[PDB]
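J.: Please find one structure pasted underneath; my questions will follow.
Each answer follows from the model by the rule given with it, or from the source it names; no laboratory read-out is quoted. Neighbour counts are summed over all protein chains in view; Cβ atoms, including those assigned to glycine, are modelled from backbone coordinates with ideal geometry.
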Amino acid sequence: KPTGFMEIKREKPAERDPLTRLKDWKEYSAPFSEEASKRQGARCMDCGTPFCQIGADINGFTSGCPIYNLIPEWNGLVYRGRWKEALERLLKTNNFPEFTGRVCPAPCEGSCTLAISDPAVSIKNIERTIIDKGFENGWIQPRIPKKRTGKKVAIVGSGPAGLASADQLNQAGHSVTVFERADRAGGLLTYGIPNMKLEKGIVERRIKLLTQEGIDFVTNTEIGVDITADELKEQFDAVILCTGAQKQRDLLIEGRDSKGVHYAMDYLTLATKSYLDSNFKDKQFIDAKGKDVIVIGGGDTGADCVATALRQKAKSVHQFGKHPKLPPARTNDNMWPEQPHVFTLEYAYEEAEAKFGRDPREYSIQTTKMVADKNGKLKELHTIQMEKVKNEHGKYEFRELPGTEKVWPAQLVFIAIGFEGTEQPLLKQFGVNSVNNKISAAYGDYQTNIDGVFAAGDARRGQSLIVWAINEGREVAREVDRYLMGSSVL
Amino acid sequence: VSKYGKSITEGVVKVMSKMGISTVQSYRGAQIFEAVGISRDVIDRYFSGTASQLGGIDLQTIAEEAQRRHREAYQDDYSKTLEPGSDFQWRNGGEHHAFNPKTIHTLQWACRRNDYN
Amino acid sequence: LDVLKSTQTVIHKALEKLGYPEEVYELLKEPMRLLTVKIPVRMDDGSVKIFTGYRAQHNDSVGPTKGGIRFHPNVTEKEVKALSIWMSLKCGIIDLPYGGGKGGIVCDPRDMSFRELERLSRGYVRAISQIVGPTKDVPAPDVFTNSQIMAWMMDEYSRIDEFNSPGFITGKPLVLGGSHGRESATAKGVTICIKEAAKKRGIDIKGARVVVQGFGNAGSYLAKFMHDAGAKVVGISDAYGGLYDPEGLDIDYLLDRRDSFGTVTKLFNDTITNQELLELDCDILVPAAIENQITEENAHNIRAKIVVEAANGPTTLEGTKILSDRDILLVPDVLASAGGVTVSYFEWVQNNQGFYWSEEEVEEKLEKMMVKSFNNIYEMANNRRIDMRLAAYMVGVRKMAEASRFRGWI
Amino acid sequence: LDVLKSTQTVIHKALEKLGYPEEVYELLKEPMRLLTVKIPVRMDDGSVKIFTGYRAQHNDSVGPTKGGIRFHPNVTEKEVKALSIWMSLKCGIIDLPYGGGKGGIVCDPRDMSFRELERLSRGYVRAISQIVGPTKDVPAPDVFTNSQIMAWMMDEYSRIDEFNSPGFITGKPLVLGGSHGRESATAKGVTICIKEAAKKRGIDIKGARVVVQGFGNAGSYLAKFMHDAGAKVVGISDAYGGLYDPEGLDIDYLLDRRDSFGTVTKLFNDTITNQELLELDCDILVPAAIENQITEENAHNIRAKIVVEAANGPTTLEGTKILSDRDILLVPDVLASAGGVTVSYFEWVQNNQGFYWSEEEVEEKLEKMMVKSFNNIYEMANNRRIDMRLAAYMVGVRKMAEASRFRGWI
Ligand SMILES: Cc1cc2nc3c(=O)[nH]c(=O)nc-3n(C[C@H](O)[C@H](O)[C@H](O)COP(=O)(O)OP(=O)(O)OC[C@H]3O[C@@H](n4cnc5c(N)ncnc54)[C@H](O)[C@@H]3O)c2cc1C
Ligand code: SF4
Ligand code: SF4
């Protein structure tokens, strides 16, 4: 008779104190101990018809673990105390637990049955604890599939989708090659996501495991001007286009020409590469120690930019966003089957609040910007308040408040208001057709206009998560396996 | 082993009590099942006395199903785990159920909003 | 793997306690005639597979040899020799004119068929007919072996020797010239032994509390004999659990409802596991079930005054030591389970004489032999400050060693 | 350690080349009756020590079994079985009605005394008298065994069977009913084989250059026979060296001066080591000395057209391959050294018939058998592109396998 959901109160692991979180570039959290993990796992009530596994687009927002993790099963196993079996069940479906556990924002936590008026079960933390203990005990070893048939797939892009597809194809028994521009494989996991979230040691270890499997990565190959599509097709049967989505939309507003305005992706890549190279001693990155920092565009990118600026010890940081501040609890037009929209207060914000004593505040909302300053470097930024109003047929509209004009001092500025499709029309060597810079394909049956060309990941998904990328990689791997050999269980 | 045997015997006794046949010897001959989806010809040939309404699948279809299951199971060249069942619970990608989460929360939302679409 | 070494060590201990020189140990450590043969066989499909046979005569100084035959798929030479020595110890303890031996075949009666088993046994006899005869060897029933195989073996030896030899092989069917009571021999032996042990320890058999875990033929017959004698049974167990009633359990009703397997537990009633059954209050405890049950944890929980190991080595050395320290009489299995050997010997004597006794005569002779043997071993074990297992081994080896010394092989 | 595995591998190769199923291999890999016995013995001082015996009958489908007996202190079951299979191969090659076998005792004839050896042999026969008889087994002389032991064994079997059985055991003294030429059988066999090999290869025996390293009884008799035939000997060696003379060596004088050991080298004269002796020019080379002499280093130095391995496996696989590549005829030892077995068979036939032949008749029959066997094996080895060792093994196994198939054990 499980009763944990009412006889236990949700807790959190041992996190490093915020006042020391700003000094060492290391993981800012640790997994549960044995007893704490067992207690947390006991909370899940063997939920029938679980809502933590639906994994489908609901009302424009994801809900449930898209890769269909056997969450009730390995929660029960965690409670029981058998860990190798739980690891086996987890790896049955998921392929990158060490990234999903410590990166994924956990829509499963937000949306499940137990989340009705009560804190949800820490699925993400249980998964992270399971995978970390497995790695520490060294139960994970290369599979080395004995069966192999001479074939060739040339996955392009080292992102999570590319890595998952390569692993699945290698387990199937088809030789693959990963073409990447950057020095190190991983894609976003290497440069985009900060060291804070994903210490690159784990990424490197996983890539070494894949190389031991025999993926045989090749680096510094932009597969554009360097290698032509016709030759690629002739030398390789299929090609899994995990090309990524790195084009970022720009603000067509006057004043965005002066030096100082930078792109969040380029800045993060430069900082991470510098750290991985020489502990940011090369002096080939962007410094903001004695200057103000303003980031435009709320979300994960904005949070990462704020964290990086804080670690670089900028004097002041302010985050701007048009969307009104989210409420502190569920509202009438939001329900537990859907991902909530409650105040989150994730990392990089409580730390800013604690460290900043003169200005202990964050989340300056309801205004983005307009025309900036000139004469060399940025001196000041103008801003005006907008409010969401109903127009026409009860349709949201953004109208500015003329009397709320304000001036902020900003010398460095970042733009991370969103992203666009793949890098088109740069990669026009193939015959694929795009609608909004995203290559055209449907969920399942990714066979595009040209034979042997398959969409995958954010290239067709727009903007998504690592779990979405992994699901797309697995599905495209199955699709191409069926296309080549006809019969393939998975 | 002993506990499993005792429990299975208790269950058999319960199934007997459901119908009212109080003797395993009598139930043994008794054919107290009603095939749902088996052809009348097949029933007459092999399950004579059993009741069937719609006829249904044939010996060839049964053989094809068995062969498909056997071939998939003996292929099984990807993992060393048993796929999760879906007889008494819903798991994504498993056997379909009448009350899936999509239907459940759509019905709840519609009922709470008084919206017809 | 350790069976042969353990047998050699116990034999060495017994010989050292006797005080005989090391020549007797050198002679008795190893069987004197081990034969390995290959038996051609024809299957139903027509293909031919070769089964590996075995046969060991530990010693024949006393007279004709004897041993069982097990169709166990893991039979090996080490096990065969150990079983031969063990059977020789049994014969020495019971004071029979047998020396000891054992045979076996590497096969699987499960997948083997009826006619194929017939042909297998017949080929086995055709293979080992040379060193087997009325004055040389005497097969007997054992694991995966019974009356039909005995009858086939008898028929074939009659064919090969050209004259009837019913006494050639024991354990035959009744019509072929078997002996009555072949199924209750073990129960009768344990009944005599428990009676004598209670008499010697002063425990009155009338009203004595008894527990019989393991309700096969041995358990059923033992319970019936105890009920007939007068002692009350306050516990029974089987593969499906057990029961408990301090004031009897209606053994007559239990035997009346006894099924083919001996299962007696109800369906919708909770049962008692053997672990807790062992702890129940009782005067005499009779473990006749799976081996390795009495150990350190339950040694302090056992309460019976007399423990009879009808099974084969159900206890361990630690449990034996704890029971000896607690002063609980422990009947060796070698003496507890000799009823089968005794009834086989009686059957052989009946065949040799050509005249068949009756149930009462077999009863009287068996009880006389058992009581005499038990009294002798008890007297020796009280004369020498040792454990009853050591006394049994010592008594068994005494006759063999002394007969060898007379015959002058040493 | 590897003798049994090597024997099994060569048997498997021969059976595979024949093309018979795997059932014959399964039956023939292992001897069908291995007996281990313990023989009590009384020493001069009065103490008693127990010797471990052995006996193996590889097969008896053809008829009565046969085998030698070695009093070698390191005799073991693996060696006994390997020697039994080897003797069976010899019998099959020579086309005898024997199946094959071998016996042995773990003892030391060096420290053993005369009367003690007498008692040891007598106890051995008393031990294994059951499975040994004129139609079941036939001992024969071997390492650390000779006519006196044969005579004692015969005397005792006469005592135990109550009637004279001179044909029970071979290799008896002449007065007891032995056969003449028992000492020159190997020499006569090698003489016939060398003659036939020279005839087949076209080398004229008259004036043929011959080298005989190892000058025991076999070497001495072979040299005398070669000299009588006409071939010139251009080399002899012994434990003390050798000689060399391209135009003869006066074999008559060498045999006249031959001592008990066969040593012939002078005292104050330098001698030639066998390593350089092997390299001397000659038509036929006859290594009858220590084993493992022909190897890779001297394979390129050997010059003889015909090499006869009168000893037991004097060469190695690499040397055999090199000689085959060089196209040098290599006589298998199995056929080279079968004279002893052939003369033992003739002795057994003479005893069974009760009439004794003469030296001329034995000579004629032995040469007929040897020439027929050599011609058959040569024809088969030329029909099938294989080595003569493989042909010998194949021919030997053919008869045994085919007889088993007829008798229906498979
Ligand atoms: C908690 C969380 C935080 C996140 N934070 C961020 C963030 O800060 N920034 C962000 O951008 N996303 C972020 N994301 C989104 C996530 O990183 C991506 O959606 C996803 O990981 C990219 O998947 P991919 O397989 O396309 O990888 P990609 O890295 O997009 O795969 C493309 C790879 O190929 C290379 N490549 C580029 N052009 C070519 C070409 N023409 N030919 C060949 N190779 C080429 C790229 O350099 C890259 O290595 C976050 C997601 C989560 C869940
Ligand atoms: S991958 Fe994300 S959604 Fe899926 S179980 Fe892990 S934390 Fe939850
Ligand atoms: S997370 Fe929610 S839906 Fe999933 S098993 Fe737990 S209670 Fe059930």
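J.: Could you list, in sequence order, all residues of region A:443-480 that are touching a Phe, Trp or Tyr at 6+ places or on another chain (Cβ under 6 Å) and small (G, A, S)?
T.: Of everything in region A:443-480, just one residue is touching a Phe, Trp or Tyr at 6+ places or on another chain (Cβ under 6 Å) and small (G, A, S), namely A:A455.
J.: If you scan region A:94-134, which residues turn out to be within 16 Å of ligand 3 (Cβ to nearest atom) and of a type in the set (D, E)?
T.: Once the filter is applied, which keeps residues that are within 16 Å of ligand 3 (Cβ to nearest atom) and of a type in the set (D, E), region A:94-134 yields A:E109, A:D118, A:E127.
J.: In region A:343-363, what count of residues is obtained for those that are free of Cβ contacts under 8 Å to residues at least 60 places away in the same chain, outside any loop (DSSP other than H, G, I, E, B) and under 23 Å from the mean Cα position of the chain (by Cα)?
T.: Of the residues in region A:343-363, 1 are free of Cβ contacts under 8 Å to residues at least 60 places away in the same chain, outside any loop (DSSP other than H, G, I, E, B) and under 23 Å from the mean Cα position of the chain (by Cα).
J.: Within region A:225-241, is there a residue that is more than 30 Å from A:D481 (Cβ to Cβ) and outside the structural domain of A:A372 (by CATH)?
T.: yes
J.: Take the residues in region A:471-483 that are in contact (Cβ under 8 Å) with a residue 12 or more places away in the chain and either within 14 Å of chain B (Cβ to nearest Cβ) or hydroxyl-bearing (S, T, Y) (or both), then tell me which one is surrounded by the most Cβ atoms within 10 Å (Cβ to Cβ).
T.: A:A477
J.: Report, by residue number, each residue of region A:146-182 that is closer than 30 Å to A:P31 by Cβ and more than 24 Å from the chain's Cα centre (by Cα).
T.: Result: A:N170, A:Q171.
J.: Ok, one more. Pairs needed: first member in region A:456-470, more than 14 Å from every other protein chain (Cβ to nearest Cβ); second member anywhere, among the acidic types (D, E) and more than 7 Å from ligand 1 (Cβ to nearest atom); C-beta distance under 7 Å; at least 6 residues apart or different chains.
T.: Matching pairs, first to second residue: A:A456/A:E472; A:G457/A:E472; A:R461/A:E472.
J.: Among the numbered criteria (1) loosely packed, with under 15 Cβ neighbours inside 10 Å; (2) more than 14 Å from every other protein chain (Cβ to nearest Cβ); (3) aliphatic (A, V, I, L, M), which one does D:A14 miss?
T.: Against the list (1) loosely packed, with under 15 Cβ neighbours inside 10 Å; (2) more than 14 Å from every other protein chain (Cβ to nearest Cβ); (3) aliphatic (A, V, I, L, M), D:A14 comes up short only on (1).
To keep it simple, each residue is scored yes or no on (1) more than 22 Å from D:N164 (Cα to Cα); (2) surrounded by 21 or more Cβ atoms within 10 Å (Cβ to Cβ).
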{"position": "D:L83", "(1), (2)": "yes, yes"}
{"position": "D:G104", "(1), (2)": "yes, yes"}
{"position": "D:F114", "(1), (2)": "yes, no"}
{"position": "D:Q130", "(1), (2)": "no, no"}
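J.: Can you list the helices (runs of 4 or more DSSP H) found entirely within region A:25-121 that contain at least 2 residues being buried (at least 19 other Cβ atoms within 10 Å of the Cβ) and within 16 Å of ligand 1 (Cβ to nearest atom)?
T.: Once the helices (runs of 4 or more DSSP H) in region A:25-121 are filtered for at least 2 residues that are buried (at least 19 other Cβ atoms within 10 Å of the Cβ) and within 16 Å of ligand 1 (Cβ to nearest atom), what remains is A:97-103, A:107-110.
J.: If C:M43 passes every condition in (1) over 30 Å from C:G123 (Cβ atoms); (2) surrounded by fewer than 19 Cβ atoms within 10 Å (Cβ to Cβ); (3) aliphatic (A, V, I, L, M) but one, which one does it miss?
T.: All conditions are met except number (1).
J.: Of the conditions (1) more than 14 Å from chain B (Cβ to nearest Cβ); (2) within 14 Å of ligand 3 (Cβ to nearest atom), A:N137 clears all except one; give me its number.
T.: (2)
J.: Then there is this: Taking region B:79-117, which residues are aliphatic (A, V, I, L, M) and more than 8 Å from chain A (Cβ to nearest Cβ)?
T.: Once the filter is applied, which keeps residues that are aliphatic (A, V, I, L, M) and more than 8 Å from chain A (Cβ to nearest Cβ), region B:79-117 yields B:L82, B:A98, B:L107, B:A110.
Yes or no, residue by residue, for (1) under 24 Å from C:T265 (Cβ atoms); (2) loosely packed, with under 10 Cβ neighbours inside 10 Å; (3) more than 14 Å from chain C (Cβ to nearest Cβ):
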position	(1), (2), (3)
B:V13	yes, no, no
B:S17	yes, no, no
B:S22	yes, no, no
B:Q31	no, no, yes
B:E34	no, no, yes
B:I38	no, no, yes
B:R45	no, no, yes
B:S48	no, yes, yes
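J.: Scan A:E204, A:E199 and give me the residue that is within 16 Å of ligand 1 (Cβ to nearest atom) and free of Cβ contacts under 8 Å to residues at least 24 places away in the same chain. First the steps, then the outcome.
T.: On the way: A:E199 fails: free of Cβ contacts under 8 Å to residues at least 24 places away in the same chain.
None of the other options fit; the residue is A:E204.
J.: Another question, if that's okay. Taking A:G444, is it more than 29 Å from A:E222 (Cβ to Cβ), of a type outside the set (A, V, I, L, M, F, W, C) and assigned by CATH to the domain that holds A:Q463?
T.: Yes.
J.: Just a yes or no: is a residue in region D:257-278 under 26 Å from D:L366 (Cβ atoms), in contact (Cβ under 8 Å) with a residue 12 or more places away in the chain, surrounded by fewer than 21 Cβ atoms within 10 Å (Cβ to Cβ) and of a type in the set (A, V, I, L, M)?
T.: No; the residues of region D:257-278 include none that is under 26 Å from D:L366 (Cβ atoms), in contact (Cβ under 8 Å) with a residue 12 or more places away in the chain, surrounded by fewer than 21 Cβ atoms within 10 Å (Cβ to Cβ) and of a type in the set (A, V, I, L, M).
J.: Name every residue in region A:37-48 that is without any contact (Cβ under 8 Å) to a residue 60 or more places away in the chain and within 12 Å of chain B (Cβ to nearest Cβ), in order of residue number.
T.: Listed by number, the residues that qualify are A:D46, A:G48.
J.: Residues to consider are A:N137, A:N69, A:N95, A:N75; find the one that is near ligand 2 (Cβ under 9 Å from one of its atoms) and of a type in the set (S, T, N, Q).
T.: Exactly one residue qualifies, and that residue is A:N69.
J.: Same structure again: Looking at (1) more than 16 Å from ligand 1 (Cβ to nearest atom); (2) more than 14 Å from every other protein chain (Cβ to nearest Cβ), which is the only condition A:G486 fails?
T.: Just one mismatch for A:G486, condition (2).
J.: Report, by residue number, each residue of region D:31-76 that is of a type in the set (G, A, S) and either touching a residue at least 12 places away in the same chain (Cβ under 8 Å) or in contact with a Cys (Cβ under 6 Å, 6 or more places away or on another chain) (or both).
T.: D:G53, D:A56, D:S61, D:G63, D:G67, D:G68 - these are the residues of region D:31-76 that are of a type in the set (G, A, S) and either touching a residue at least 12 places away in the same chain (Cβ under 8 Å) or in contact with a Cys (Cβ under 6 Å, 6 or more places away or on another chain) (or both).
J.: Say we look at region A:452-478 and pick out the residues that are among the hydrophobic types (A, V, I, L, M, F, W, C) and part of a loop (DSSP other than H, G, I, E, B); which of these is farthest from ligand 1 (Cβ to nearest atom)?
T.: So the residue we want is A:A456.
J.: Which residue pairs have Cβ atoms closer than 8 Å, lie 6 or more positions apart in sequence or on different chains, and pair a first residue in region C:367-396 that is outside the structural domain of C:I192 (by CATH) with a second residue that is β-branched (V, I, T) and in a loop (DSSP other than H, G, I, E, B)?
T.: C:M394/C:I386
J.: Looking at A:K438 and the list (1) within 14 Å of chain B (Cβ to nearest Cβ); (2) more than 16 Å from ligand 2 (Cβ to nearest atom); (3) among the basic types (K, R), which single condition is not satisfied?
T.: (1)
J.: Only one residue in A:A166, A:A161, A:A185 is crowded, with 21+ Cβ neighbours inside 10 Å and in a loop (DSSP other than H, G, I, E, B), so which one is that?
T.: When all the criteria are applied, what remains is A:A185.
J.: Looking only at helices (runs of 4 or more DSSP H) that fall completely inside region D:197-297, which ones have 3 or more residues that are touching a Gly at 6+ places or on another chain (Cβ under 6 Å)?
T.: The helices (runs of 4 or more DSSP H) meeting that bar number zero.
J.: Residues being touching a residue at least 24 places away in the same chain (Cβ under 8 Å) and in contact with a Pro (Cβ under 7 Å, 6 or more places away or on another chain): count how many of those fall in region D:293-304.
T.: Residues that pass the stated criteria total 1.
J.: Any residue that is more than 16 Å from ligand 3 (Cβ to nearest atom), more than 14 Å from chain B (Cβ to nearest Cβ), in contact with a strand residue (DSSP E or B) (Cβ under 6 Å, 6 or more places away or on another chain) and hydrophobic (A, V, I, L, M, F, W, C) - is there at least one of those in region A:180-190?
T.: no
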